[PDB]
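Enquirer: Before we start, here is the structure in question, set down as structure tokens.
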Amino acid sequence: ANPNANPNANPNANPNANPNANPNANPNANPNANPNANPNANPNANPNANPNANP
Amino acid sequence: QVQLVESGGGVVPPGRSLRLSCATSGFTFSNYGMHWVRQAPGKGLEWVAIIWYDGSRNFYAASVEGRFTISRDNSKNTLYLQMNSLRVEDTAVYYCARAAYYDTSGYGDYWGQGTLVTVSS
Amino acid sequence: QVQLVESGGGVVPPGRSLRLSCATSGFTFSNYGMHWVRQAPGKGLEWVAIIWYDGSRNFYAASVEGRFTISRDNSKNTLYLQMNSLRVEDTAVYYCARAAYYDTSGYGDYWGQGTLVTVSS
Amino acid sequence: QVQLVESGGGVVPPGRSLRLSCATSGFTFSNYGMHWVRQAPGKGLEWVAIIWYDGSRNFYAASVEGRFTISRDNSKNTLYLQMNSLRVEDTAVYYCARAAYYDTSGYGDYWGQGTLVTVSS
Amino acid sequence: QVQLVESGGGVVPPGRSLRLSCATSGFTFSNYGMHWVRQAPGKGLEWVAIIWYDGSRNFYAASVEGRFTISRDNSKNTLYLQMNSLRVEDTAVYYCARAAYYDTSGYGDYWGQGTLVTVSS
Amino acid sequence: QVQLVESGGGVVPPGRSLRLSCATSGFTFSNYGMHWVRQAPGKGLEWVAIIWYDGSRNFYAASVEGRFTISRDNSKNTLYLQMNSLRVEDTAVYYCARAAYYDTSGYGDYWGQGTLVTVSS
Amino acid sequence: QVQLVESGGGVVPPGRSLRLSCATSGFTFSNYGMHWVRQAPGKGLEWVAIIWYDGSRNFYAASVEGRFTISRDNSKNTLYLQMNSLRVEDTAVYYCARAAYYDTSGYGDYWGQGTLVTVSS
Amino acid sequence: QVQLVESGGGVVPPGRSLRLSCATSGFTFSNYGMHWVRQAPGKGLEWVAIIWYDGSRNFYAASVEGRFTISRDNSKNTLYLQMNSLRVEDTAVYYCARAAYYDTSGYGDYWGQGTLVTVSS
Amino acid sequence: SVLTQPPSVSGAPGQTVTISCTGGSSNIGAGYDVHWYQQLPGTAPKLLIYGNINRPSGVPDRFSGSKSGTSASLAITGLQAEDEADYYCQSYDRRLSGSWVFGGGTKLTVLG
Amino acid sequence: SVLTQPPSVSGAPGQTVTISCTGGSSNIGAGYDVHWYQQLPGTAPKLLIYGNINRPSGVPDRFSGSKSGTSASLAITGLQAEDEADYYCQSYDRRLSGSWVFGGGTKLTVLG
Amino acid sequence: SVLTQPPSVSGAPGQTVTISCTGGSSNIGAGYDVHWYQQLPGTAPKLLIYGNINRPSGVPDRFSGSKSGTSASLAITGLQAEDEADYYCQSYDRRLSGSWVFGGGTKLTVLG
Amino acid sequence: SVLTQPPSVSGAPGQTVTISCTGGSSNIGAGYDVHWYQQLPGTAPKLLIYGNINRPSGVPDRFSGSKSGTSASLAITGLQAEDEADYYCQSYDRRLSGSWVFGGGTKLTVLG
Amino acid sequence: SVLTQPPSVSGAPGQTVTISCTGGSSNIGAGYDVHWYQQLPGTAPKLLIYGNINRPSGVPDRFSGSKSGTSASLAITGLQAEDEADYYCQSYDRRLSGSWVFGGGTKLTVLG
Amino acid sequence: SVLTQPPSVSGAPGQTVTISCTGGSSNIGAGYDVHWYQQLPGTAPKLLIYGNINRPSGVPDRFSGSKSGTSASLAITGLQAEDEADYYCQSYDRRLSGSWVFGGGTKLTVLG
């Protein structure tokens, strides 16, 4: 049989797909996640804050 | 009970914009996609647009793409349709329908009351 | 030892609200999602609702959506189920179960003792 | 009523300083942050600087950082704006406006009269 | 109205690189795949490359594989074509087209204006 | 160099508590997560617990959840493990390891010397 | 240009394993299937194995099935051949070929350079 | 206008500490983060350390963690780098740079002159 | 309207009528589901049948549907006075870029 | 109750019984897991089998199960006096918006 | 000038005109609010709309606004002679070190 | 050019001409669709016929096409002066690694 | 012990031995990395290979490894007297609620 | 030096030369911006391009760059005598604990 990729296929998005949220997903916290401090963030982190005494 | 209420219709001259809204209650808004369907006076039904539950994907009918814009606000439970460059062919009644999917095709389980948008000069 | 202790049941005439609770101990509450399942007297088991570990996503059964509200308090290790406008069909025994996920479907490994709500006139 | 009166404008040769102020009345000056905005003749508005209510945090635009200094004396209900080494490009109408925060952005509920500072040679 | 506008042509000595682009407006760029088609002066049309709607799949003609590279940026609605090690045989007019699929084959449903790439010494 | 010294071990009869500690030096303690691994005499390695760099997220093994408690003190560069209701099967050698993450899985780049805890009656 | 470079050969005693490799350049690796072909010294060519473009389907010759394993890594453009329980008759020069399909049968348009594997004691 | 002036170099036998300093002017020092980058003679640039504007977070390169200390003073607009137990491979020119963040990565908009540090025996 | 429906169908009360919906090889013959809607003269459409055999709670047992080959049919038994409404068949067409495709619309009038 | 279970099954002590759970092409025939629960007459359900082959610590080796095609069955050997309980199968159905779908519930009677 | 506003728009008295402010993914598309100010020719700018929907007491009900994605608009109905003024859109930009960013500004003309 | 075409076709105004595009058993004889493009002398190609019979909105009723066996034909009836353009047939060839294969291209000259 | 290892392998100094680690479709076959650890008889474990191909500074070039499918292996060439230690393979298993899963542990004996 | 740069490039005055920076799936191909720095033979480096397309005021329009996939390139057109300097590429690598990662360094020599 043909072992190569098929170039004659639909290259566009499928509108006939389920548009709703999936109830069959893992509802639990992920234990396999980066536990470290992520040395990539805005180090000048004064971007925008309330300048008044109260929120 | 599921209750979808539309507004924003009225009479507008051709060539300018009009923004509809479909406020919802009685269900979790952010778990479902929404549709827009329009029916011309004396004609059948015509699918207009769809939006995903998260807003990531949008699809439009060939006759309205580039002019219409569909968006949602999950914090106000309100669906919007921004309609620009209106033509006289766009006069119809617009319904918002909640999305559903069975096996290989999707349907609409609960519909709104509908609003009338007319374009004339 | 995982413990799920429930309360909040009783007799309520139809048309008003009732709130349940499911106190937890013996495990990290904030790392797990929770379910609610009911069993009508002499009947089988019916899934009711689920909540995510952070509380971001809620899903309800079609027969309870819009009336029941599920929420959690990660600081008290407690789970709530706020039922509004109770119908006679809502009489059953209510359980809280801890969520789990194997490959492609989820199950409940630890269940609560159960509380029973009667609604009648 | 909130009243913001500005004084201290005039014509200054380039290379030297000129000190501005904006007097306040009718509201608690010490409990609000407040901004500076300047408008060049025939141009739009451009944000200059903001100071926190306690004066702890100062923010300046990229064009005037290191030259402009903003200071407040809450015992006199007057904010002070020092402009050192004035250039010809600093010719603009400066506005003093109170700071407001709605959800995630800032805006000015009250504005002053405004004063003109012209640099020419 | 679907608009495809191209740029990046010119005259290039053989052996070095050139980059074309096709800016888009009037449709949802991220929902569609795109093609590149070239036409040598006085010759017919030749298919060059395709890219999927998400960029996951790329296909090339046998005469340009390993030298050309097609890519897209969905945040700017722009399609690119990086041409390396250009040869004299590559002198043609390049068109960006929007992909469509009917039953068992695909066609190009809106085309761009075209740009001229000249390779000479 | 990375140094991980441990203490707090000993011999305890089953049914009471014990508290371990792992003092660190040579690296920024507050920028890394920490683990605990145990090895029974003559057996393999068993993962026990993890704690996030801020202590927000904790995870425990199925056999130790509800009894063990992991905590850290960023002010002393020390890591703790609070063991409660100790049993005979918990006798092993306890290691403190530093967390690392490569692409899709985590590993321990630097380990401690190891301390031995024995439960007997 | 299509370039296939192979390595991993050498001398290995019978009864144990060996791994070959074939690094590729000049074409989209993830679009094509690949072959392994060997030639005993002084003999003709013999087909060994094929792998699909996505790695879903593998086929082996009758004399090497159960012992040889073919795999690919699309992120490194590398084709592997894991040869286990090597025998004396497995002494040959191994080639990697790119799969092509014409009408009803397949062929190999581009071949590697070949690597020599000798099994001896 | 941004100026970053450095000092604190010299010639040091290995194993003894030394302190750098980078004086800043022309911008609000307590509103930005700072970087240290070193360059050995005849080699490329090597990122060393970064400090947050408030000093809460410190990140060091692997080769310098546990030996180098970076500290800042907001009342003097001075950035410090306390380097202990200098080794021969530490000989380089250190630059104090100002931190800027665009979308998903940081960069240094303004750099200091740099000083040469010498470790020899 | 890629789906073809008869413009009108009538029958006497108490008898059985059938509304057909004929498609092509891209929408119905390709294996996609067919759903039915009912619109009274003055209100919005209401879902009638989904999944080609199933019905919601409010829909009575009188309405039924099925599909086979390239065509699908909606069967109504025991016509009543209130069944005067427009019936639409909806599916998905492989050849377009839309979620739904509707039929022409069949108006049912009971001879009362 | 999408998943179908026989309402009751019985057997003599020491013999083997098989409880079945048959679904459709959307829940069990779609590749989703099947999980089994046991409920004594006066207590909350306990997990019995998860992942179609695995069982918790408290469950003895007598209980076992598997799945094949659209059908999943629970096989019990060595019936005991304490095995009288309601046994449910639970899976996920693609056609609704709920995490779990249960079965009807079989009652196991031990012919003591 | 990171925000873009049309140089000038015009319309008949009493009609509706649209003033639009198009931003980017960093200022408006990032989820930050947009505030509108109306500056009279002879005095300081006055607050018009805050929170993308809220207006002060002084601002009449004719003025309104909304935002979607990376763009925001100011909708003015019933144009009057006193509506001739400069309008500015204001948001916050993540990529800069300024609390506010101002657009080019729109000069509104009423064809009196 | 796996699909071969006549290099030129001419006809007088008001009559009917035919442009043929014959291929082999791998592109047209294998069941793949044939599409037609029209290129006016100084602009980019424009889609003329897709799906072997269908035409876009802008294409008038004069143009039509069909295929049978291993050949496809384009029928133009009632020539005008503005019909002078190159016509290309496009399909998919199973024996290559490309999405489209084009024909040689036929220039139509109307004998005005 | 989700990951399976041979309890012991051996080889004479100067030869090549291969330590394998067999997993499943949930830990190794799901795309998660495999890491190796070496434990001398009297000391704590030491990282040997991370990232399935990478090694720390102290580890000599003799140790190497790769994965394929549901299995990964650690290849050691040039056996030495100090290679007497326990070798553990580690990955992450999607099915549990733990960060790491360890194997049984393979003992390498140098045939001196 | 996870980012790879050519050790030396050359170009005649007035010609166009390119400086390439090659990364991997963790630094450049993972969606992190690439920044370019220019260092004179006797002074500190100065920012030249940030955000893969943007340059400061001081940098002339001759310097421009872009990124694609796992590679980045800095294009310099109209080479001048003062263009002789070392050019560095900087990004962020996911697998390390450093804010910046630099390349090998490219030396540009003008063939005067």
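Enquirer: Looking only at the range G:1-15, filter to residues that are within 20 Å of G:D109 (Cα to Cα) and not acidic (D, E); which one of those is farthest from the other protein chains (Cβ to nearest Cβ)?
Expert: G:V5
Enquirer: How many of the residues in the range A:1-42 are more than 7 Å from every other protein chain (Cβ to nearest Cβ) and either aliphatic (A, V, I, L, M) or surrounded by 15 or more Cβ atoms within 10 Å (Cβ to Cβ) (or both)?
Expert: 6
Enquirer: Can you tell me how many residues within the range G:49-65 are in contact with a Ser or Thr (Cβ under 9 Å, 6 or more places away or on another chain) and more than 19 Å from M:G31 (Cα to Cα)?
Expert: Adding up the residues that qualify gives 4.
Enquirer: Can you name every one of the strands (runs of 3 or more DSSP E) wholly within the range C:40-121 that holds 1 or more residues which are closer than 28 Å to B:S30 by Cα and small (G, A, S)?
Expert: On the way: elements: C:45-51, C:58-60, C:68-73, C:78-83, C:92-101, C:106-111, C:115-119.
By residue number, C:45-51, C:68-73, C:92-101, C:106-111.
Enquirer: Follow-up. Quick one: in the range M:26-66, of everything that is over 11 Å from the mean Cα position of the chain (by Cα) and closer than 18 Å to M:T4 by Cα, which residue is farthest from the other protein chains (Cβ to nearest Cβ)?
Expert: Filtering the range M:26-66 for residues that are over 11 Å from the mean Cα position of the chain (by Cα) and closer than 18 Å to M:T4 by Cα, the one farthest from the other protein chains (Cβ to nearest Cβ) comes out as M:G29.
Enquirer: Need pairs with beta-carbon distance below 6 Å; first residue without any contact (Cβ under 8 Å) to a residue 24 or more places away in the chain and within 14 Å of chain A (Cβ to nearest Cβ) and within the range H:21-42, second in a loop (DSSP other than H, G, I, E, B) and of a type outside the set (S, T, Y); sequence gap 6+ or separate chains.
Expert: Hits for this filter: H:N31/A:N46.
Enquirer: Something else: Return yes or no: is C:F29 surrounded by 17 or more Cβ atoms within 10 Å (Cβ to Cβ) and closer than 30 Å to J:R55 by Cβ?
Expert: yes
Enquirer: Filter the range F:55-77 for residues that are surrounded by fewer than 17 Cβ atoms within 10 Å (Cβ to Cβ) and more than 22 Å from F:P14 (Cβ to Cβ) and give the result.
Expert: F:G55, F:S56, F:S71, F:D73, F:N74, F:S75, F:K76, F:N77, listed by residue number.
Enquirer: As an exercise: evaluate M:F63 against (1) surrounded by fewer than 17 Cβ atoms within 10 Å (Cβ to Cβ); (2) farther than 23 Å from M:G24 by Cβ and give the number of the one condition it does not meet.
Expert: The failed condition is (1).
Enquirer: Are any residues in the range C:82-117 among the β-branched types (V, I, T) and within 13 Å of another protein chain (Cβ to nearest Cβ), and if so, which ones?
Expert: Correct list: C:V93, C:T104, C:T115.
Enquirer: Still on this structure, please answer the following. So, L:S1, is that one part of a loop (DSSP other than H, G, I, E, B), under 21 Å from E:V93 (Cβ atoms) and touching a strand residue (DSSP E or B) at 6+ places or on another chain (Cβ under 6 Å) or not? Spell out the reasoning first.
Expert: On the way: part of a loop (DSSP other than H, G, I, E, B): yes; under 21 Å from E:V93 (Cβ atoms): yes; touching a strand residue (DSSP E or B) at 6+ places or on another chain (Cβ under 6 Å): no.
In short, no.
Enquirer: From the set of residues in the range L:61-71 that are touching a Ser or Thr at 6+ places or on another chain (Cβ under 8 Å) and in a loop (DSSP other than H, G, I, E, B), which is farthest from L:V17 (Cα to Cα)?
Expert: L:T70
Enquirer: While we're here: Looking at (1) touching a residue at least 60 places away in the same chain (Cβ under 8 Å); (2) buried (at least 19 other Cβ atoms within 10 Å of the Cβ); (3) among the aliphatic types (A, V, I, L, M), can you tell me which one F:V88 breaks?
Expert: Condition not satisfied by F:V88: (2).
Enquirer: If I go through the range B:58-72 residue by residue, how many of them are among the small types (G, A, S), more than 7 Å from every other protein chain (Cβ to nearest Cβ) and under 12 Å from the mean Cα position of the chain (by Cα)? Don't jump to the end; show me each part of the working.
Expert: Residues of the range B:58-72 that are among the small types (G, A, S), as a first pass: B:61-63, B:66, B:71.
Keeping just the survivors that are more than 7 Å from every other protein chain (Cβ to nearest Cβ) gives B:63.
When the remaining residues are screened for being under 12 Å from the mean Cα position of the chain (by Cα), the result is none.
Number of matching residues: 0.
Enquirer: Do you know which of the residues in the range D:43-57 that are under 23 Å from H:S75 (Cβ atoms) and within 12 Å of the chain's Cα centre (by Cα) is nearest to the other protein chains (Cβ to nearest Cβ)?
Expert: Once the filter is applied, the top-ranked residue is D:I50.
Enquirer: So which pairs qualify, if the first residue must be in the range N:55-84 and within 19 Å of N:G104 (Cα to Cα) and in contact (Cβ under 8 Å) with a residue 60 or more places away in the chain, the second must be among the hydrophobic types (A, V, I, L, M, F, W, C) and assigned to a strand (DSSP E or B), the Cβ gap must be under 9 Å, and the two must be at least 6 apart or on different chains?
Expert: N:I76/N:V17; N:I76/N:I19; N:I76/N:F63; N:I76/N:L108
Enquirer: Only one of these is of a type outside the set (S, T, Y), in contact (Cβ under 8 Å) with a residue 40 or more places away in the chain, more than 27 Å from L:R94 (Cβ to Cβ) and within 14 Å of chain A (Cβ to nearest Cβ): E:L79, E:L18. Name it.
Expert: E:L79
Enquirer: Mind checking whether some residue in the range K:19-38 is over 30 Å from A:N46 (Cβ atoms), surrounded by fewer than 19 Cβ atoms within 10 Å (Cβ to Cβ) and of a type outside the set (G, A, S)? Step through it out loud before you land on a result.
Expert: Within the range K:19-38, the subset over 30 Å from A:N46 (Cβ atoms) is K:19-20, K:38.
In the following step, the residues that additionally are surrounded by fewer than 19 Cβ atoms within 10 Å (Cβ to Cβ) were identified as K:20.
This time we only want the ones that are of a type outside the set (G, A, S), so: none.
No, there is no match, as no residue in the range K:19-38 is over 30 Å from A:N46 (Cβ atoms), surrounded by fewer than 19 Cβ atoms within 10 Å (Cβ to Cβ) and of a type outside the set (G, A, S).
Here is a yes/no grid of residues against (1) more than 10 Å from every other protein chain (Cβ to nearest Cβ); (2) over 15 Å from K:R55 (Cβ atoms); (3) not β-branched (V, I, T):
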{"residue": "K:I76", "(1), (2), (3)": "yes, no, no"}
{"residue": "K:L79", "(1), (2), (3)": "yes, yes, yes"}
{"residue": "K:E82", "(1), (2), (3)": "yes, yes, yes"}
{"residue": "K:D86", "(1), (2), (3)": "no, yes, yes"}
{"residue": "K:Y92", "(1), (2), (3)": "no, yes, yes"}
{"residue": "K:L96", "(1), (2), (3)": "no, yes, yes"}
{"residue": "K:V101", "(1), (2), (3)": "no, yes, no"}
{"residue": "K:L108", "(1), (2), (3)": "yes, yes, yes"}
{"residue": "K:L111", "(1), (2), (3)": "yes, yes, yes"}
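Enquirer: Still on this structure: Counting only residues that are aliphatic (A, V, I, L, M) and closer than 25 Å to B:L79 by Cα, how many does the range K:48-94 have?
Expert: Residues of the range K:48-94 that are aliphatic (A, V, I, L, M), as a first pass: K:48-49, K:53, K:59, K:72, K:74-76, K:79, K:81, K:85.
From what is left, the residues that are closer than 25 Å to B:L79 by Cα are K:49, K:53, K:72, K:74-76.
Within the range K:48-94, residues that are aliphatic (A, V, I, L, M) and closer than 25 Å to B:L79 by Cα number 6.
Enquirer: Going through K:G31, K:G14, K:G58 one at a time, which residue ends up being on the phi > 0 side of the Ramachandran plot, out of contact with any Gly (no Cβ under 9 Å at 6 or more places or on another chain) and not in a strand (DSSP E or B)? Outline the logic, then answer.
Expert: Details: K:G14 fails: out of contact with any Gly (no Cβ under 9 Å at 6 or more places or on another chain); K:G58 fails: on the phi > 0 side of the Ramachandran plot.
Answer to the check: K:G31.
Enquirer: Only one of N:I28, N:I49, N:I76 is of a type outside the set (G, A, S) and in contact with a helix residue (DSSP H, G or I) (Cβ under 8 Å, 6 or more places away or on another chain). Can you tell me which?
Expert: Just one listed residue meets the conditions, N:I76.
Enquirer: Here is a follow-up. Give the residue, chosen from B:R72, B:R67, B:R98, that is over 30 Å from K:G11 (Cα atoms), among the charged types (D, E, K, R) and touching a helix residue (DSSP H, G or I) at 6+ places or on another chain (Cβ under 9 Å).
Expert: Working: B:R67 fails: over 30 Å from K:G11 (Cα atoms); B:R98 fails: touching a helix residue (DSSP H, G or I) at 6+ places or on another chain (Cβ under 9 Å).
Just a single option satisfies the conditions, and that option is B:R72.
Enquirer: Now for a separate question. Give the range F:12-28 a look and list any residue that's of a type outside the set (D, E, K, R), assigned to a strand (DSSP E or B) and under 17 Å from the mean Cα position of the chain (by Cα), or say none.
Expert: F:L18, F:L20, F:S21, F:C22, F:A23, F:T24, F:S25, listed by residue number.
Enquirer: Another one. Of the residues G:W47, G:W52, which is buried (at least 19 other Cβ atoms within 10 Å of the Cβ) and on the phi < 0 side of the Ramachandran plot?
Expert: One residue alone meets the criteria, G:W52.
Enquirer: Then there is this: In the range A:43-54, is there at least one residue being away from chain D (no Cβ under 14 Å) and in contact with a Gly (Cβ under 8 Å, 6 or more places away or on another chain)?
Expert: The answer is yes; a qualifying residue exists.
Methodologically, a virtual Cβ is constructed for each residue, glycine included, from the backbone with ideal geometry; neighbour enumeration extends over all protein chains shown. Laboratory data are not the source of any read-out in this text; all were calculated from the coordinates shown.
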